[PDB]
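Encoded as structure tokens, the structure appears first; notes follow it.
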Amino acid sequence: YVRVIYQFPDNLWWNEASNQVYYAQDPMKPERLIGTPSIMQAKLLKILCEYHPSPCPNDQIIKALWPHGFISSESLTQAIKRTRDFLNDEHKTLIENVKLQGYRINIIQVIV
DNA sequence: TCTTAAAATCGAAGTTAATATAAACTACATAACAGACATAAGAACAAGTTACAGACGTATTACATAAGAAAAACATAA
């Protein structure tokens, strides 16, 4: 299997196969499980992972989250807000808003 | 009371569209124009919050059917 595991600052782990996000209370020990994201949290995470390290423009983010939807940018803002909330990113470091160029996700390493 | 000078008036409409000759210099203060800066107003991007909708997921309700247990009836042996 092509397994991709993403390591994020504050030793966050996102496992793509199980679609699970968990705090590491050790180097890579899974015991503190933040949980399972919904089917847009995962989509936007996939978008920001596929464009790393380049910022992703908002238009393509919306076209990937809503392929056939006339969705206002308010839903974009609050989707980013809720994804950062459920990742416990109150310091705006995990999903950074590239000023006047879109969004980036802070990812340290990829394990295959 | 008799001349004699002033004063006032003289149809409507319609039309009816400019002229046009003829000192110099100096000093000073004030107004106007142009350039630059800071400020109030404005726009764009992103974030927080508060709520309602939408379809999924939970609990209340009424059962179908099949396995298990009790009981009544029957056949058999003493």
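All Cβ positions, even for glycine, are placed from backbone atoms using ideal geometry, and neighbour counts span all protein chains on display. Please treat every number below as a calculation from the coordinates, not as lab data.
Here are the numbers:
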item	result
Per-region count, region A:74-89, residues loosely packed, with under 14 Cβ neighbours inside 10 Å and either within 17 Å of A:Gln7 (Cα to Cα) or within 7 Å of DNA strand B (Cβ to nearest atom) (or both)	5
In region A:60-88, residue farthest from the chain's Cα centre (by Cα) [restricted to those that are closer than 24 Å to A:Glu16 by Cβ and outside any helix (DSSP H, G or I)]	A:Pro67
Candidate set: region A:26-44, residues that are under 19 Å from A:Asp10 (Cα atoms) and free of Cβ contacts under 8 Å to residues at least 12 places away in the same chain; chosen: the one surrounded by the most Cβ atoms within 10 Å (Cβ to Cβ)	A:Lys29
Complete set of residues in region A:103-112 that are in a strand (DSSP E or B), surrounded by fewer than 18 Cβ atoms within 10 Å (Cβ to Cβ) and of a type outside the set (A, V, I, L, M)	A:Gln109
Close pairs from region A:84-102: first closer than 24 Å to A:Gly35 by Cβ and of a type in the set (S, T, N, Q), partner more than 7 Å from DNA strand B (Cβ to nearest atom) and part of a loop (DSSP other than H, G, I, E, B), Cβ under 9 Å, at least 6 apart	A:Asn88/A:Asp10; A:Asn88/A:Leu94; A:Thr93/A:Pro9; A:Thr93/A:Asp10; A:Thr93/A:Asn106
Some residue of region A:45-59 being without any contact (Cβ under 8 Å) to a residue 60 or more places away in the chain, within 12 Å of DNA strand B (Cβ to nearest atom) and part of a helix (DSSP H, G or I)	yes
